[PDB]
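Take a look at this single chain, the form deposited without this ligand, given in structure tokens.
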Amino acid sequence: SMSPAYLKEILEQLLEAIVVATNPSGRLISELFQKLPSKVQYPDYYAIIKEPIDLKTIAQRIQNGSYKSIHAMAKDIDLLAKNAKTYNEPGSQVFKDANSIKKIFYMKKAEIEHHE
């Protein structure tokens, strides 16, 4: 049973891996995932997406100690990606970036959990 302090460091490392990741273009994969869209300008989004989430919210949850396991953060990352892949058309760059974020997260998780 790792301490809350140890868990936090792990979660921070996972988030960092996501937010520093770049595409071949050099663009940050995380760019369009930092902040949810305006409720005023994009009301359709909130009618369609039942549980909105963004990277800012996930970061806040890490700081709040809201997550009691790496799994809980992982489920939020899954949701982050699922929502983008629900509201946005497949093949789109946002769709691709959603998957890339998951790939980065789970690769980093494995690196951390399996290193010996």
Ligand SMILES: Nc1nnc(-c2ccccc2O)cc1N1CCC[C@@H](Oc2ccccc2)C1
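Residue indices: 1-based, along the sequence shown.
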* Structure fact -> For 50-58 versus 27-35, entry-based mean Cα B-factors point to 27-35
* Per the entry, higher mean C-alpha B factor between 87-95 and 36-44 -> 87-95
* Asked: Should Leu14 be placed in the lowest, middle or highest third of its chain by the C-alpha B factor in the entry?
  -> lowest
* Structure fact -> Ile104: CA temperature factor from the record, placed by chain third, in the lowest
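There is also a form deposited with this ligand bound; it is not shown, and the following applies to it.
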* **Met73: touches this ligand in the deposited complex, heavy atom cutoff 4.5 angstroms** => no
* To do: State yes or no: in the deposited complex, is some non-hydrogen atom of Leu28 no more than 4.5 angstroms from a non-hydrogen atom of this ligand?
  => no
* Is there any non-hydrogen atom of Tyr67 lying within 4.5 Å of this ligand in the deposited complex? -> no
* **Interface membership of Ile62, this ligand in the deposited complex, 4.5 Å heavy atom rule** => no
